[PDB]
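Letters A, B, ... are given to chains in the order of the sequence lines, protein chains preceding strands, and every chain is numbered from 1. Reckoned from all heavy atoms, side chains included, excluding hydrogens, waters and symmetry mates.
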Amino acid sequence: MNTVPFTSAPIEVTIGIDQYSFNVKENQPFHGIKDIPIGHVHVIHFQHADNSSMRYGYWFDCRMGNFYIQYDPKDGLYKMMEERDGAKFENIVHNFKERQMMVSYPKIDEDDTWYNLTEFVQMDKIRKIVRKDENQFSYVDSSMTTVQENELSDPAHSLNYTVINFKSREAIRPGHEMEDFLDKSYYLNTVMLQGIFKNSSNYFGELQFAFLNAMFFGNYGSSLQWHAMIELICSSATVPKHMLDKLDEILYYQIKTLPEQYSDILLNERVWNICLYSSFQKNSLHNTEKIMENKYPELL
Amino acid sequence: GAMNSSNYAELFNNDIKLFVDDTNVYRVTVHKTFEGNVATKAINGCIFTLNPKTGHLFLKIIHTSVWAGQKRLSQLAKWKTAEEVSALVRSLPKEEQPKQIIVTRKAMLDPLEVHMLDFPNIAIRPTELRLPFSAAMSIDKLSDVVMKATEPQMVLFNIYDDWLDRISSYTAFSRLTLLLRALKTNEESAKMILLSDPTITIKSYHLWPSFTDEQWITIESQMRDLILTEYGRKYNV
Ligand SMILES: Cc1nc(/C=C/C(=O)N(C)CCC#N)cs1
C-alpha cells in the first residue's frame, strides 16, 4: 500500500482518487491519501470550489516513484511532483500517518470496480498518449484537445489518441470501398490491431483510458475516442470471440460506474443504438445490453 | 453544404459541377411466380450525370448482368453508382474534372464520398431541390439506348440540344426541369404536347423537337398548365 502526501490544502477543493471523492476546506489540515492499492494505475483529480471550470488531475503508478501534491499559488493549481529523496519521503509520510492527517483509500474488499475499469490500462501507454517525458505521471484536464480534434492548437498539450476515421484512405482499401465501409473488419484487425496497436490488450487499454478521461474530466475528445473505438468493433463482422466477450465486460463496468445524471452528455445515442440493435455485434454484448436497458432505457 | 433555392445561380457559374441522379440505376418489374409468390425481374438502368452549365450528359447504362448473383441490390446500386461516377471523373482530364458533385438523393453521399477519397478537393454536396431527373427515361431516345444495351456502355448526350445558341444555361435548365417535371406528373399528356404538331420534328442528333422561340413559349405554357391541372386533379382544387 502506497501514499500520496500533500504539502498543504490552501484552497477549498473536491479531491478525487479513482472513483472516490471528498471535500477539503480552505486551509484544512489535510496531508494526503494513504493505503493506495499497488498494482493498478490511479488518478488523483481536482475541482476547485470557486471555479468548477477545469476539472484536472494526474495519472500515476506508485511503483514508478514517490509522488506528492503541492499547491502552486502562481499557476493556481494542485501539482503532482516526484520526491527523489526516498528517506525524506518515508519520513514525511510516517509523520503524516502518525498525526492521522490522511484519508484512506476506501476500497471495499469485495469490490473489483477499479480493476475492472483499468484492466488493460498501463502507465507506459498513458505516457505516449499524454506526452511530457520529464515526469513519470501524466496531467489531463477538461479542455485538452485530441490530435484528431486539432486536424479538424498547442501540440504539447494534446491527447495523442490513435486517430480513427471511417471515411479515410486508411480505413478503405481501393477496390473494396463498399465492403470495407459496411464491414470494418479489415480496418479493425489488419490496420489497427495487427498494424498499430499490435494486440487487443493495447486497444482495450486506450479505450478504457479514453472513457476514464471522459468521465472524470468531462473531456469531450476522449468521449469521442471511446465511442469510436466501440463502434469500430461493433461495425466489424469478424471479431475474435475473446475480444467480444472482453468488450462486453469492459463496457458493462463502464456503464455501471457512470453517474446516472451524466448519461445525457457522456453517451452518444446514435452509437449505442447502432451498436446494440443494428450492428454485426448486436447480439454479442449481453451484459452491456442488459445494464443499458435497465439503467438508461431513455437513450434507447 | 446543401444546394437550395438560395444558391441556385451557383449552378451556372464557371466552376465545373455535375448533378448525379441514381433513381434509374436499379429498375425492376414485380410479378407473380407460378407458386403465387412475388418476384422481381431487373431491367436495364442508367446513371444520370449532368453538367447543368453545358448540358453535357454522361449516361452510364447499367446492364442487368451487373446484378447477377448479388444481394441487397438497392444498397449495391448506390455503391455501383458511386463506383461509376468515380471512374468517370478519373477518366476525364484534370481540367475537365468537376469541383463539386451534387447528388439528388442524400443516400448517395456516403457511397460517393468513400469512392472519391482520392479527390479530397472535389466537394460532394446534397440538395434541397426536388429535381425531376427520374423522368429521364421518359425521353424516348434515352429510354431506347438503355433498353437496347446488351452490355455496360456510356453514351454522351447534350440534354439542351442547341438551345444554348439562343438562351442562357439558367434558362435552359429551367426549361429542362419544366419538361421533366411535366413528364413525371403526366407522361402521356406531356408527350402529347411535345409531339402534337407533326410539322415540328426532332433532329437525328437531338433529343427534343425543333421548336422556334415562339413555339417554345407556347410549349412551356402548356407544360405549366399540365402541372397545375394534375396538381388539381390530384388534390381536387
Ligand atoms: C517532497 C515532499 N514535501 C512534503 C511536505 C510536507 C509538509 O508540508 N511538511 C510540513 C512535512 C512535515 C514533516 N516532516 C511532502 S512530500
Start with the C-alpha gap between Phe58(B) and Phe48(B), add the side-chain angles, then the distance that decides, and say whether ring pair (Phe, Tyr, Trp, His ring centres under 6.0 Å) holds. CA-CA 7 Å; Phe58(B) 301 88; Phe48(B) 181 95; over 10 Å; no

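- A salt bridge is defined here as a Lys NZ or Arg NE, NH1 or NH2 lying under 4.0 Å from an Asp or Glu carboxylate O, and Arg105(B) with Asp22(B) meets this definition.
- Judged by distance alone, the side chain of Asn273(A) and the main-chain N or O of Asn268(A) form no donor-acceptor pair under 3.5 Å.
- With rounding to the nearest 0.5 angstrom, the CD atom of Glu170(A) is 9.5 Å from the CG atom of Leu117(B).
- Judged as a salt bridge (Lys or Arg N to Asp or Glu O under 4.0 Å), and not counting sequence neighbours, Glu128(B) has no contacts.
- For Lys184(B) and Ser134(B), the side-chain atoms include at least one donor-acceptor pair closer than 3.5 Å.
- Side-chain N or O atoms of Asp161(B) include none that pairs as donor or acceptor with a backbone N or O of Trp163(B) at under 3.5 Å.
- Remark: the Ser222(A) side chain and the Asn219(A) side chain contain an N/O donor-acceptor pair separated by less than 3.5 Å.
- Side-chain atoms of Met3(B) and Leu129(B), non-hydrogen and from C-beta on, do get closer than 4.5 Å to each other.
- With hydrogens and angles ignored, the 3.5 Å screen pairs no side-chain donor or acceptor of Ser236(A) with any backbone N or O of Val239(A).
- Put simply, CE on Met215(A) and CD on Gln254(A) are 8.0 Å apart, with the number rounded to the nearest 0.5 Å.
- For residues 185-197 of chain A, the side chain to side chain donor-acceptor pair (under 3.5 Å) pairs, not counting sequence neighbours, are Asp183(A)-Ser185(A).
- Contact annotation: the side chain of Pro132(B) never approaches that of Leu183(B) to less than 4.5 Å [non-hydrogen atoms, C-beta and beyond].
- The aromatic ring centres of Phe133(B) and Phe19(B) sit less than 6.0 Å apart.
- For the pair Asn202(A) (side chain) and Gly205(A) (backbone), a donor-acceptor distance under 3.5 Å is absent.
- Using the six-membered ring where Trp is involved, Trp79(B) and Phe181(A) have ring planes that are tilted, between 30° and 60° apart.
- For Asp118(B) and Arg90(B), the salt-bridge test passes: some basic side-chain N is under 4.0 Å from an acidic carboxylate O.
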